[PDB]
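Q: The structure's right below; bear with me while I get my questions together.
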Amino acid sequence: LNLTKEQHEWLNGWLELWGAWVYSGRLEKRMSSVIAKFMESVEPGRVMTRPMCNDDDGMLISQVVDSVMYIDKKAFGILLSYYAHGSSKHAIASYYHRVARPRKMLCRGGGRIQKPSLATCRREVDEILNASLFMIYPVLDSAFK
DNA sequence: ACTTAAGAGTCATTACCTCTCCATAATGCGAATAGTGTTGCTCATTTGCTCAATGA
């Protein structure tokens, strides 16, 4: 399943506020290590094109996201690539198509070990994004309420 | 009315092998158009799987 429409836009807006918060570099580096090794591949003098949230609410959003997404680094990397840096979904899917190993395909390759197409790459990064938001949402209500 | 000069045109064997060589220069500034990226969406293709008769 997935979320409803109002919950999707609410979580999307809160995550881009949180992404504009971490994009300045105001996250303390001892708190987590995956954002620490994500934010080292970007210049320190970044520009601010998005509205930025305040300190402790962004601290609350950062602590809940690395408490629920501390088991995997790939889906968390997609999340920081879409929301923190601000890259679009199509660029993420194009780079994942240009990198990923040959996989077994069903109902179109007949089991042939081949590279994934761009359409299934867009579909799997959309599924990864929707699954990460479904892991974010009820634990975020548990942190808020 | 016919007879020598001037000028143009068109060829001058076949087959093969090796090597080298085949370019340089006005600037700039908006307007406008073609190109590429983005997101949402539909459509054709294939495959494991399921359902219905039927005789042994």
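Coordinate-derived values only; no laboratory data. Here Cβ is always computed from backbone atoms with ideal geometry, including for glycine, and neighbour counts include all displayed protein chains.
Q: Taking each pair of different alpha-carbon atoms in chain A once, compute 1/r for the pair, average those values, and report the inverse of that mean as the Kirkwood hydrodynamic radius in Å to one decimal. Let's see the in-between values first.
A: Details: mean 1/r = 0.0603 Å⁻¹.
So the Kirkwood estimate lands at 16.6 Å.
Q: Work out the count of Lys pairs in chain A where the Cα-Cα distance is under 25 Å, with the pair 8 or more places apart or on different chains.
A: Here the count comes out as 17.
Q: Cut-off 10 angstrom, C-alpha nodes, Gaussian network model of chain A. Which of A:29, A:104, A:73 fluctuates the most?
A: For chain A, modelled as a Gaussian network with Cα springs under 10 Å, the answer is A:104.
Q: With a cap of 14 neighbouring Cβ atoms within 10 Å, and only residues DSSP puts in a loop, list the GluC sites (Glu not before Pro) found in segment A:1-42.
A: Details: sites: A:6, A:9, A:16, A:28, A:40; in loops: A:28, A:40.
Hits after loop and neighbour filter: A:28, A:40.
Q: Also, quick follow-up: With label points built 7 Å along Cα→Cβ from the Cα atoms of residue A:126 and residue A:40, find their separation and express it in nm.
A: 3.6 nm
Q: Could you list which residues have their amide H under 5 Å from that of residue A:114, counting only those 5 or more apart in sequence or on another chain, with H placed in the peptide plane?
A: Excluding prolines and chain starts, which carry no amide H, the hits are A:103, A:105.
Q: Moving on. Stretched out fully, how many nm does the piece from residue A:107 to residue A:33 gain, at 0.36 nm a residue minus the Cα gap?
A: Working: separation 74, 0.36 × 74 = 26.64 nm, distance 3.99 nm.
Taking residue A:107 through residue A:33 to full extension adds about 22.6 nm, to one decimal.
Q: Just to check I understand the Karplus step: with θ = phi - 60° and J = 6.51 cos²θ - 1.76 cosθ + 1.60, what whole-Hz values come out for segment A:70-86, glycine and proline as x?
A: 9, 9, 10, 9, 6, 5, 5, x, 5, 5, 6, 6, 7, 10, 7, 6, x
Q: OK, next. Could you give the length gained by full extension between residue A:73 and residue A:60, i.e. 0.36 nm per residue of separation minus their alpha carbon distance, to one decimal place?
A: On the way: separation 13, 0.36 × 13 = 4.68 nm, distance 2.00 nm.
Extra length available between residue A:73 and residue A:60 comes to 2.7 nm.
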